[PDB]
Every structure is written in structure tokens, then in C-alpha cells.
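Okay, here we've got a single chain as C-alpha cells, the form solved without the partner chain, with questions on binding and movement later.
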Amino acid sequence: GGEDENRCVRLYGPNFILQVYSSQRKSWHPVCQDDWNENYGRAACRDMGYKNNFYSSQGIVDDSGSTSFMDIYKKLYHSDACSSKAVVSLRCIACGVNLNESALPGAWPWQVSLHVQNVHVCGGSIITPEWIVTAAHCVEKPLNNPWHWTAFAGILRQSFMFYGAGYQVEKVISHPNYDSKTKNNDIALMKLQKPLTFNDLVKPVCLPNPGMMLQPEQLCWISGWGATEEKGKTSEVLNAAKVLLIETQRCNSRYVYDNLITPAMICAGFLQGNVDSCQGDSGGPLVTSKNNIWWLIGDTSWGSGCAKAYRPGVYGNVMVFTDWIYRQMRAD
């Protein structure tokens, strides 16, 4: 436990309130704008694991419900009231932006298709120009070797993905507490060999902060190349559709998925009869919009049929995996 001072750094809420952990009060507190510039912001983004990335940083009114105001190189000056009455909020990467049947170009720029032996197998989401979030059950033995996998981005049709024109995968990381029987902690990370070039067709999606204040039945979206029938062929074109969150206690009741949903899971879809919500495939994105930013909520894990009553979709809960991802991105 060689902890020089204590803990690390995070962002809070849908406005990216910069918060730090104090070893003396044992709690999280925001940072005052007083004596803050851009060079200090790059020290915070590198700390979480974003490396050379940096986007913006300003001061706003605090809404994190905090009272007391203000690791390595810890400028610890605690107080109780900020001067100029401003807390600093910074963004480390430009994400959560998109355009404004079939999906249009630029509508879901973070979606990718992952191939093995020149055929689509799973899907994933882009967070940084080198990192991709997918599902752990896509990479069981023998598909743990990173050489099997290639990625395609910015392309909507399968017939347009030609052998040898996909980005090579450098390494894959499953979650250390995965279990194939129960599908608990079904999440995995993939790292590319050369970074992508962002544009109007390829952009990343923001990871979720704490204190999102999501509604009981929040409106969300899914996308992918999945079939309309559970045994059908992969779709040639990319599709998307709307879904609603379903509270865990309801999803865990006797008449749905009796005692099968864990704290690392989340349900979304419809409990009624004939609504086609099978557009996505394994590891695909589940996103929602709030404060004009798109956030990654889950990766598709398992289900039971297509457009069947009582049987929604189950996803990996990204919010509870944010720390593990920040640690893997930091250990370059």
C-alpha cells in the first residue's frame, strides 16, 4: 500500500465537474478555478489515462451537491469557499457528437465491426483512437489471441469490408472476474495497432461519469448488424432502434428473469409483444443522450428471442466498470 497521498481524480455529472479525492477528509471535492490554467488540465487528463488528449476546461457554478471545496503531485489546499465562486470543469477528449430504415453515415460514428477469418463476428464501440469496448464472451478460448481480430470503422455495409483492409488488433483484455455460465461481468477491451483518424464518419463516444441521474425508464438507442430473427443471417446494412431502460427489481422478478440479474447488469427493451429490438449483436453499444452528449451505457450481453413478450435484452453495466477501464488505459 505505497500510497503517496491518496487516490486519484475523476469527473462528475453531465457537466464534467473536476473532482479530487482528499486523504485528510476522506471524500471527493471539486476544484476551484482560482489559479488554474490549461497546463494543469493536461496533468489531470494524463492522470486518468487519456495521455496526450485534451479538449477544453472552464469554470461553472457547482451542482455536485458538495460543501467543502478544494496521488502524485498533489496540490492540496483545502478550504470551504472558492474565490470568484467558480468550480473548474474540463473535458479530455471530443466525444458524444453525431449527425444533428437504414442508418445514415455519421449517425453512429463510434460503431465498429470485428471480423475473424473474413466474416463479421461481434461489434464494439470506440472510446479513444486506439481503444475499443466489446463483450467478454466474444473472446473466449481460442479467440483470446489478438492476431485473429480486425476492425472496420466508418463503413455501413458488410460487402464493402474487404479482406486485408481492416485495422489489426494489438491486444485484447477480458475482465478478470468473468464467468461464462452466468455471464457476469461480460466486458472486454481491444487495442489497435495504429490509431484511427477521426472525421465526420469516425468519432468516439463518451464514457459515463458518476452522478448521471438517469431516469427509471430512460430513452436509449442500440445499433448493429443483427438479424430480425434469432437464427437469421447477418444484416448487410447497419440499423438502429429505440429502447427504454427497465428497473432491475422488475427485470429480476419471477415473471421475467427470476433472480438472474446481478449488480453488473442492466436491462433495456420492452416487456410487451411484437417490438423488433434485435438490431444489435454481441458487444454492441447501448447509448443515451443527456445534456446534448451521447454516453455509453452498456454493451449487449444476452437475451431470449426476438420480439417476444416478457423477454428484454441484458447488457453489461458500464458505470461499474469505469475504474477498471481507466486503469487498463493508464498502464500503457
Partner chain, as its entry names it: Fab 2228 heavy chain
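Positions refer to the first chain, counted from 1.
In what follows, reference is made to the form deposited with the partner chain bound, a form of this protein that is not presented.
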**Request:** Find the only residue in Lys171, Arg157, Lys85, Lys242 having a heavy atom within 4.5 Å of the partner chain in the entry with it bound.
**Result:** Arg157
**Request:** With heavy atoms only and a cut-off of 4.5 Å, decide whether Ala81 touches the partner chain in the entry with it bound.
**Result:** no
**Asked** Looking at the partner-bound form in the entry with it bound, is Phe162 within 4.5 Å of the partner chain by any heavy atom?
**Response** yes
**Asked** Does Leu219 reach the partner chain in the entry with it bound if we count a contact as any heavy atom within 4.5 Å?
**Response** no
**Request:** Decide whether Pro105 counts as a contact residue for the partner chain in the entry with it bound under a heavy atom distance cut-off of 4.5 Å.
**Result:** yes
**Asked** Quick one: which residues from 214 to 240 get a non-hydrogen atom within 4.5 Å of the partner chain in the entry with it bound?
**Response** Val237
